[PDB]
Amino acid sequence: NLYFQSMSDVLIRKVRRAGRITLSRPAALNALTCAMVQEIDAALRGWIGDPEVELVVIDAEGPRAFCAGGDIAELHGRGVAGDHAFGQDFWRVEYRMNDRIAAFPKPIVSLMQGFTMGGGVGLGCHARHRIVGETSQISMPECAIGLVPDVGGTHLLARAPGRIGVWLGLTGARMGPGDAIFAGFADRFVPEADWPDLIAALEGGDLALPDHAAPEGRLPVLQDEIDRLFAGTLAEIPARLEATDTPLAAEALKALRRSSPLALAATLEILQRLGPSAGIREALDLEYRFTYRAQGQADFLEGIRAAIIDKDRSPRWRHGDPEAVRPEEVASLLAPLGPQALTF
């Protein structure tokens, strides 16, 4: 019943021909908990064999946010205390779900209003048909908290044209609906006033999606400068930014200066290993390597303390600048996990 789920953080049900997932926690911007991720993945798994399910539609309540990230305050407590296992387990099931969505045998449509960041990208941006609207703003601002973009984030980042993945990934920069499409985080623009009808039509198993131009964004014209500025390694990029008196370069440099140098360096290294041709599992695997080690070996806990727990915005990172991160140290964070390796 939807009545029996009137206190649940995600609404899971079939409506006509469609399995339906609606995030129902708008007061916390639909932030993802362990329990929600478990429930979504169970539902999807069970819909594989159900012949009444011809497709899945994923949506969310509230006008502010499809889904603004993982509910990660959970993870700092059970974390600075030495219990790294909570985060490790959570990421394991999350990344499995991200993979389940990506390779799902039946069509999945995502409709993502407002803010989609972090875990939210994992939930919506691997669907086969990803719809954005007028209020849609998508970013991966993980490095600002001492993590790499995860949940398959790196797969999408690596596939974006030229060096746009680098820029998005190291700076946490926003994409509106036009730029999300251009960059490959979504497929179609559809006005948000049309969405109740669209979803009804989809519930009836009609997979036709209406054709509209997205509003133009900044990426097509920024592409050339993105491609010049974000070439090479982190030993080269900050100096190139400093020489460039433009809003683009200046906003990027501030992001670089504020974020965890270790997370920046690892993000770049993941993107470089991946390239555009890799599948989602390569990416999840590399992300897990970092995130499995992040609580004890990287800046994640201090990142969360600064931004989420104490809110002083004054993180004290393991390194003083991106230029100072040793390659050997990135290599260790991204080394195979052996028996702890992610599996499907």
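All residue numbers are counted from 1 along the displayed sequence.
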When mean C-alpha B-factors in the record are compared for 280 to 288 and 60 to 68, the larger belongs to 60 to 68
Between 200 to 208 and 221 to 229, name whichever shows the higher mean Cα B factor according to the PDB entry. 200 to 208
Can you tell me which of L44, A306, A298, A35 has the maximum CA B-factor listed in the PDB entry? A35
Scanning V132, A235, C125, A266 for peak Cα temperature factor in the entry gives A235
Using the B-factor values recorded in the entry, state whether the Cα atom of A31 falls in the lowest, middle or highest third among the modelled residues of its chain. middle
Position of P191 among the chain's modelled residues by C-alpha B-factor, lowest, middle or highest third: middle
Could you look up the Cα B-factor of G165 in the entry and say which third of the chain it sits in: lowest, middle or highest? lowest
Could you look up the Cα B-factor of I40 in the entry and say which third of the chain it sits in: lowest, middle or highest? lowest
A324: C-alpha B-factor third of its chain, per the entry, is the highest
